[PDB]
>>> print(open('structure39.cif').read())   # mmCIF, C-alpha atoms and all ligand atoms
data_start
#
loop_
_atom_site.group_PDB
_atom_site.id
_atom_site.type_symbol
_atom_site.label_atom_id
_atom_site.label_comp_id
_atom_site.auth_asym_id
_atom_site.auth_seq_id
_atom_site.Cartn_x
_atom_site.Cartn_y
_atom_site.Cartn_z
ATOM 1 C CA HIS A 6 44.759 -12.311 -35.481
ATOM 2 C CA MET A 7 44.840 -8.491 -35.646
ATOM 3 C CA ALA A 8 43.647 -6.568 -38.685
ATOM 4 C CA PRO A 9 46.546 -4.475 -40.098
ATOM 5 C CA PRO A 10 46.305 -0.748 -40.877
ATOM 6 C CA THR A 11 45.775 -1.158 -44.659
ATOM 7 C CA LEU A 12 42.787 -3.429 -43.992
ATOM 8 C CA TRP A 13 41.221 -0.886 -41.654
ATOM 9 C CA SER A 14 41.879 1.793 -44.311
ATOM 10 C CA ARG A 15 39.405 -0.079 -46.556
ATOM 11 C CA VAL A 16 36.591 0.735 -44.095
ATOM 12 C CA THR A 17 35.130 3.968 -45.450
ATOM 13 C CA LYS A 18 32.538 6.426 -44.159
ATOM 14 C CA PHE A 19 29.558 6.290 -46.506
ATOM 15 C CA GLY A 20 26.048 7.700 -46.202
ATOM 16 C CA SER A 21 24.580 6.863 -42.796
ATOM 17 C CA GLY A 22 27.148 4.132 -42.224
ATOM 18 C CA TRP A 23 30.205 2.599 -43.850
ATOM 19 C CA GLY A 24 31.389 0.572 -46.779
ATOM 20 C CA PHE A 25 34.448 -1.447 -47.754
ATOM 21 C CA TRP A 26 36.970 -1.331 -50.600
ATOM 22 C CA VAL A 27 37.415 -4.904 -51.802
ATOM 23 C CA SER A 28 39.770 -3.755 -54.570
ATOM 24 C CA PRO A 29 40.817 -0.525 -56.325
ATOM 25 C CA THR A 30 37.457 -0.492 -58.178
ATOM 26 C CA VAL A 31 34.964 -2.483 -56.040
ATOM 27 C CA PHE A 32 33.157 -1.081 -52.974
ATOM 28 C CA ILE A 33 30.542 -2.964 -50.922
ATOM 29 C CA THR A 34 28.056 -1.632 -48.390
ATOM 30 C CA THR A 35 24.656 -2.276 -46.820
ATOM 31 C CA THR A 36 21.795 -1.151 -49.048
ATOM 32 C CA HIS A 37 19.873 0.894 -46.491
ATOM 33 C CA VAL A 38 22.877 3.130 -45.701
ATOM 34 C CA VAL A 39 23.370 4.205 -49.347
ATOM 35 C CA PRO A 40 22.615 7.938 -49.834
ATOM 36 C CA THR A 41 19.502 8.736 -51.857
ATOM 37 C CA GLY A 42 18.933 11.503 -54.390
ATOM 38 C CA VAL A 43 22.625 12.049 -55.170
ATOM 39 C CA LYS A 44 24.233 12.334 -58.604
ATOM 40 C CA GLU A 45 27.646 10.890 -57.717
ATOM 41 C CA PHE A 46 29.526 8.712 -55.262
ATOM 42 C CA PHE A 47 33.137 9.553 -54.357
ATOM 43 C CA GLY A 48 33.072 12.186 -57.098
ATOM 44 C CA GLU A 49 32.066 9.692 -59.778
ATOM 45 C CA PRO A 50 28.784 10.176 -61.683
ATOM 46 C CA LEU A 51 26.285 7.363 -61.177
ATOM 47 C CA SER A 52 26.315 6.495 -64.876
ATOM 48 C CA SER A 53 30.030 5.574 -64.640
ATOM 49 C CA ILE A 54 29.322 3.084 -61.815
ATOM 50 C CA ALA A 55 27.957 -0.451 -62.136
ATOM 51 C CA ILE A 56 25.672 -0.667 -59.093
ATOM 52 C CA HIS A 57 24.511 -4.176 -58.119
ATOM 53 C CA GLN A 58 21.967 -4.597 -55.338
ATOM 54 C CA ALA A 59 20.652 -7.832 -53.844
ATOM 55 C CA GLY A 60 18.495 -7.177 -50.828
ATOM 56 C CA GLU A 61 20.650 -5.553 -48.151
ATOM 57 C CA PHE A 62 23.877 -6.186 -50.102
ATOM 58 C CA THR A 63 25.072 -3.449 -52.480
ATOM 59 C CA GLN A 64 28.205 -3.570 -54.636
ATOM 60 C CA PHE A 65 29.674 -0.671 -56.666
ATOM 61 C CA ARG A 66 32.154 -1.303 -59.499
ATOM 62 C CA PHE A 67 33.770 1.963 -60.534
ATOM 63 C CA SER A 68 35.154 2.650 -64.008
ATOM 64 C CA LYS A 69 38.370 4.190 -62.637
ATOM 65 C CA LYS A 70 40.798 3.015 -59.993
ATOM 66 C CA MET A 71 39.535 4.702 -56.831
ATOM 67 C CA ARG A 72 41.981 3.028 -54.423
ATOM 68 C CA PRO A 73 45.001 2.075 -56.573
ATOM 69 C CA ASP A 74 46.979 1.642 -53.363
ATOM 70 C CA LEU A 75 45.036 -1.537 -52.488
ATOM 71 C CA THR A 76 45.361 -5.110 -53.675
ATOM 72 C CA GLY A 77 42.235 -7.023 -54.603
ATOM 73 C CA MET A 78 41.101 -9.340 -51.834
ATOM 74 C CA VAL A 79 38.637 -12.223 -51.905
ATOM 75 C CA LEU A 80 34.930 -11.539 -51.388
ATOM 76 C CA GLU A 81 33.181 -14.749 -50.286
ATOM 77 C CA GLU A 82 29.485 -15.221 -50.979
ATOM 78 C CA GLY A 83 28.874 -15.607 -47.250
ATOM 79 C CA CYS A 84 30.830 -16.308 -44.121
ATOM 80 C CA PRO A 85 31.904 -19.874 -43.218
ATOM 81 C CA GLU A 86 29.243 -21.275 -40.899
ATOM 82 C CA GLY A 87 30.619 -21.943 -37.420
ATOM 83 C CA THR A 88 33.742 -19.807 -37.925
ATOM 84 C CA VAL A 89 34.716 -16.835 -35.776
ATOM 85 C CA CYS A 90 34.865 -13.712 -37.947
ATOM 86 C CA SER A 91 35.720 -10.117 -37.015
ATOM 87 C CA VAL A 92 33.419 -7.152 -37.623
ATOM 88 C CA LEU A 93 35.727 -4.186 -38.356
ATOM 89 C CA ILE A 94 33.706 -1.437 -36.720
ATOM 90 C CA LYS A 95 34.806 2.181 -37.008
ATOM 91 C CA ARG A 96 32.973 4.656 -34.792
ATOM 92 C CA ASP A 97 32.272 8.245 -35.853
ATOM 93 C CA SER A 98 34.867 9.322 -33.265
ATOM 94 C CA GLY A 99 37.542 7.300 -35.117
ATOM 95 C CA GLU A 100 37.662 4.532 -32.466
ATOM 96 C CA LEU A 101 38.429 1.075 -33.873
ATOM 97 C CA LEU A 102 36.235 -1.662 -32.395
ATOM 98 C CA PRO A 103 36.869 -5.104 -33.919
ATOM 99 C CA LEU A 104 34.176 -7.470 -32.627
ATOM 100 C CA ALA A 105 34.449 -11.268 -32.673
ATOM 101 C CA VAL A 106 31.327 -13.062 -33.968
ATOM 102 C CA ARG A 107 30.591 -16.752 -34.475
ATOM 103 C CA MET A 108 28.724 -16.990 -37.745
ATOM 104 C CA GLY A 109 25.572 -19.056 -38.212
ATOM 105 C CA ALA A 110 23.430 -19.852 -41.222
ATOM 106 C CA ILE A 111 22.346 -17.781 -44.179
ATOM 107 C CA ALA A 112 18.597 -17.355 -43.686
ATOM 108 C CA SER A 113 15.839 -14.741 -43.621
ATOM 109 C CA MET A 114 15.385 -12.879 -40.366
ATOM 110 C CA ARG A 115 12.215 -10.956 -39.480
ATOM 111 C CA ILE A 116 13.427 -7.375 -39.008
ATOM 112 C CA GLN A 117 11.051 -4.420 -38.613
ATOM 113 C CA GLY A 118 8.264 -5.991 -40.699
ATOM 114 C CA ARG A 119 10.639 -7.207 -43.412
ATOM 115 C CA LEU A 120 11.956 -10.663 -44.154
ATOM 116 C CA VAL A 121 15.665 -9.919 -44.587
ATOM 117 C CA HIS A 122 17.950 -12.335 -46.407
ATOM 118 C CA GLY A 123 21.323 -12.341 -44.641
ATOM 119 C CA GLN A 124 23.551 -14.270 -42.268
ATOM 120 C CA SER A 125 23.261 -14.270 -38.500
ATOM 121 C CA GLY A 126 26.069 -14.470 -35.990
ATOM 122 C CA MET A 127 26.566 -14.420 -32.236
ATOM 123 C CA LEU A 128 28.744 -11.777 -30.628
ATOM 124 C CA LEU A 129 31.484 -13.408 -28.546
ATOM 125 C CA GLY A 140 28.160 -4.334 -29.105
ATOM 126 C CA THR A 141 27.036 -2.798 -32.408
ATOM 127 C CA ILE A 142 25.041 0.436 -32.469
ATOM 128 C CA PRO A 143 23.181 2.667 -34.940
ATOM 129 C CA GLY A 144 25.703 4.120 -37.352
ATOM 130 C CA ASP A 145 27.734 0.869 -37.653
ATOM 131 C CA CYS A 146 25.928 -0.556 -40.709
ATOM 132 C CA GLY A 147 28.186 -1.379 -43.656
ATOM 133 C CA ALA A 148 31.138 -2.455 -41.517
ATOM 134 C CA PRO A 149 32.772 -5.568 -43.000
ATOM 135 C CA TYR A 150 32.766 -9.102 -41.663
ATOM 136 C CA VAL A 151 36.238 -10.547 -42.282
ATOM 137 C CA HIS A 152 38.433 -13.507 -41.411
ATOM 138 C CA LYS A 153 42.015 -14.526 -42.072
ATOM 139 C CA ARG A 154 42.799 -17.509 -44.320
ATOM 140 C CA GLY A 155 46.525 -18.200 -44.123
ATOM 141 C CA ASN A 156 48.416 -14.969 -44.750
ATOM 142 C CA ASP A 157 45.423 -13.223 -46.335
ATOM 143 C CA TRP A 158 42.234 -11.616 -45.103
ATOM 144 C CA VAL A 159 38.883 -12.307 -46.785
ATOM 145 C CA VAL A 160 35.596 -10.366 -46.605
ATOM 146 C CA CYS A 161 32.250 -12.167 -46.462
ATOM 147 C CA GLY A 162 29.552 -9.645 -45.479
ATOM 148 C CA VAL A 163 28.575 -6.189 -44.308
ATOM 149 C CA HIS A 164 26.833 -5.268 -41.078
ATOM 150 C CA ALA A 165 23.062 -4.821 -41.356
ATOM 151 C CA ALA A 166 21.258 -5.311 -38.003
ATOM 152 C CA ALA A 167 21.409 -6.511 -34.416
ATOM 153 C CA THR A 168 18.961 -7.519 -31.704
ATOM 154 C CA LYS A 169 18.186 -5.231 -28.761
ATOM 155 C CA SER A 170 20.553 -7.202 -26.503
ATOM 156 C CA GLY A 171 23.247 -6.988 -29.184
ATOM 157 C CA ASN A 172 23.939 -10.712 -28.849
ATOM 158 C CA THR A 173 22.715 -11.601 -32.377
ATOM 159 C CA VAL A 174 24.019 -9.699 -35.405
ATOM 160 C CA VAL A 175 23.068 -9.988 -39.072
ATOM 161 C CA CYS A 176 25.289 -9.242 -42.044
ATOM 162 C CA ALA A 177 24.206 -8.804 -45.636
ATOM 163 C CA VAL A 178 25.866 -11.268 -47.996
ATOM 164 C CA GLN A 179 26.394 -11.566 -51.712
ATOM 165 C CA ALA A 180 24.821 -15.049 -51.955
HETATM 166 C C1 LIG B 201 22.738 0.059 -38.911
HETATM 167 O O1 LIG B 201 21.921 0.879 -39.762
HETATM 168 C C2 LIG B 201 21.914 -0.817 -37.996
HETATM 169 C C3 LIG B 201 22.637 -1.470 -36.847
HETATM 170 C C4 LIG B 201 22.086 -1.627 -35.445
HETATM 171 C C5 LIG B 201 21.083 -0.946 -34.765
HETATM 172 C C6 LIG B 201 21.086 -1.443 -33.456
HETATM 173 N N1 LIG B 201 22.103 -2.359 -33.334
HETATM 174 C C7 LIG B 201 22.717 -2.479 -34.535
HETATM 175 O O2 LIG B 201 23.731 -3.249 -34.817
HETATM 176 N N2 LIG B 201 20.709 -1.367 -38.516
HETATM 177 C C8 LIG B 201 19.444 -1.173 -38.223
HETATM 178 O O3 LIG B 201 19.050 -0.320 -37.458
HETATM 179 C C9 LIG B 201 18.521 -2.149 -38.899
HETATM 180 C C10 LIG B 201 17.880 -1.495 -40.116
HETATM 181 C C11 LIG B 201 17.033 -2.474 -40.945
HETATM 182 C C12 LIG B 201 16.402 -1.683 -42.086
HETATM 183 C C13 LIG B 201 15.516 -2.569 -42.942
HETATM 184 C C14 LIG B 201 16.326 -3.722 -43.519
HETATM 185 C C15 LIG B 201 17.020 -4.517 -42.434
HETATM 186 C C16 LIG B 201 17.860 -3.629 -41.516
HETATM 187 N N3 LIG B 201 17.532 -2.616 -37.970
HETATM 188 C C17 LIG B 201 17.819 -3.245 -36.834
HETATM 189 O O4 LIG B 201 18.936 -3.568 -36.426
HETATM 190 O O5 LIG B 201 16.639 -3.525 -36.043
HETATM 191 C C18 LIG B 201 16.636 -4.300 -34.835
HETATM 192 C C19 LIG B 201 16.398 -5.781 -35.110
HETATM 193 C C20 LIG B 201 15.246 -6.294 -34.987
HETATM 194 C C21 LIG B 201 15.024 -7.523 -35.234
HETATM 195 C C22 LIG B 201 15.952 -8.341 -35.496
HETATM 196 C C23 LIG B 201 17.203 -7.883 -35.639
HETATM 197 CL CL1 LIG B 201 18.558 -8.957 -36.012
HETATM 198 C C24 LIG B 201 17.423 -6.570 -35.470
#
>>> encode(input="structure39.cif", output="structure tokens")
Amino acid sequence: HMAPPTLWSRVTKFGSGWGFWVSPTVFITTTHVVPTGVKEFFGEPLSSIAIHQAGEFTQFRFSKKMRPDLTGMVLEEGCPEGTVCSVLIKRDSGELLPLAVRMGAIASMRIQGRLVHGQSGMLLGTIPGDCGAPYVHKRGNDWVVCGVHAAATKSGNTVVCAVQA
């Protein structure tokens, strides 16, 4: 299953990483990539945005249609345990690098002194700059998003995505 162009067009450069347009008004990203000390995102003043943050998961709901070209898609509260998802990585060069990952359990991982709520997976590598890339899978004719990239071990074999749950 290959992600189509419109789906890749949801993956958006943002701060020190990326985020993802779930719908014309809803954008998700990883909390630690969000720019600090700004007055606006995508030209919209912060006061016109509903910003929800839960650990490493951040969701923006804009007051105007920012991507009216897109259909809403489903955001799951986490990825299906045991399923192979795809991480839709865009590199700064523009290279597309979809990575297959078998998802594990939602848990708290010890990461750089913090206890980070998220979901682990095993790569079937990610690098600095990739955080915020979406974890997706295809259910029938339709793609679903279930998390955003947050961390990986030195070997790259274990990844962690932030989840809404
Ligand atoms: C994107 O910012 C990034 C991705 C990354 C670096 C190396 N391989 C990758 O996929 N994330 C980090 O650098 C991440 C940042 C922390 C910040 C505090 C909140 C949690 C995320 N840290 C990271 O990947 O550290 C390495 C690590 C250590 C222990 C366990 C794990 Cl899963 C990762």
>>> residues_near_ligand(input="structure39.cif", ligand="ligand LIG 201 (chain B)", cutoff="8 Å", atoms="all atoms listed in the file", output="PyMOL selection string")
chain A and resi 21-22+37-38+61+114-117+119+121+125+140-147+164-169+171+173-175
>>> residues_near_point(input="structure39.cif", point="(40.6, -10.9, -45.1)", cutoff="12 Å", atoms="only C-alpha atoms", output="ChimeraX atom specification")
/A:6-9,11-13,15,25-28,76-81,84,90-93,149-162
>>> closest_residue(input="structure39.cif", among="A:29, A:67, A:56, A:95", to="residue 17 of chain A", atoms="all atoms listed in the file")
A:95
>>> closest_residue(input="structure39.cif", among="A:178, A:43, A:75, A:59", to="residue 31 of chain A", atoms="only C-alpha atoms")
A:75
>>> atom_distance(input="structure39.cif", atom1="atom CA of residue 128 of chain A", atom2="atom CA of residue 58 of chain A")
26.6 Å
>>> resolve_selection(input="structure39.cif", expression="the PyMOL selection byres (((chain A and resi 64) around 6) and not hetatm)", output="JSON, numbers by chain")
{"A": [32, 33, 56, 57, 63, 65]}
>>> closest_residue(input="structure39.cif", among="A:20, A:129, A:96, A:177", to="residue 110 of chain A", atoms="all atoms listed in the file")
A:177
>>> resolve_selection(input="structure39.cif", expression="the PyMOL selection byres (((chain A and resi 49) around 12) and not hetatm)", output="list in words")
residues 30, 43, 44, 45, 46, 47, 48, 50, 51, 52, 53, 54, 55, 65, 66, 67, 68, 69, 70 and 71 of chain A
>>> atom_distance(input="structure39.cif", atom1="atom CA of residue 35 of chain A", atom2="atom CA of residue 83 of chain A")
14.0 Å
>>> closest_residue(input="structure39.cif", among="A:148, A:163, A:120, A:39", to="residue 103 of chain A", atoms="all atoms listed in the file")
A:148
>>> residues_near_point(input="structure39.cif", point="(28.7, -16.8, -35.2)", cutoff="7 Å", atoms="only C-alpha atoms", output="VMD selection string")
chain A and resid 87 to 89 106 to 109 125 to 128
>>> write_last_selection(input="structure39.cif", atoms="C-alpha atoms", output="PDB file, in the frame of the given file")
ATOM      1  CA  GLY A  87      30.619 -21.943 -37.420  1.00  0.00           C
ATOM      2  CA  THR A  88      33.742 -19.807 -37.925  1.00  0.00           C
ATOM      3  CA  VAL A  89      34.716 -16.835 -35.776  1.00  0.00           C
ATOM      4  CA  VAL A 106      31.327 -13.062 -33.968  1.00  0.00           C
ATOM      5  CA  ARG A 107      30.591 -16.752 -34.475  1.00  0.00           C
ATOM      6  CA  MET A 108      28.724 -16.990 -37.745  1.00  0.00           C
ATOM      7  CA  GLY A 109      25.572 -19.056 -38.212  1.00  0.00           C
ATOM      8  CA  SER A 125      23.261 -14.270 -38.500  1.00  0.00           C
ATOM      9  CA  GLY A 126      26.069 -14.470 -35.990  1.00  0.00           C
ATOM     10  CA  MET A 127      26.566 -14.420 -32.236  1.00  0.00           C
ATOM     11  CA  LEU A 128      28.744 -11.777 -30.628  1.00  0.00           C
TER      12      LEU A 128
END
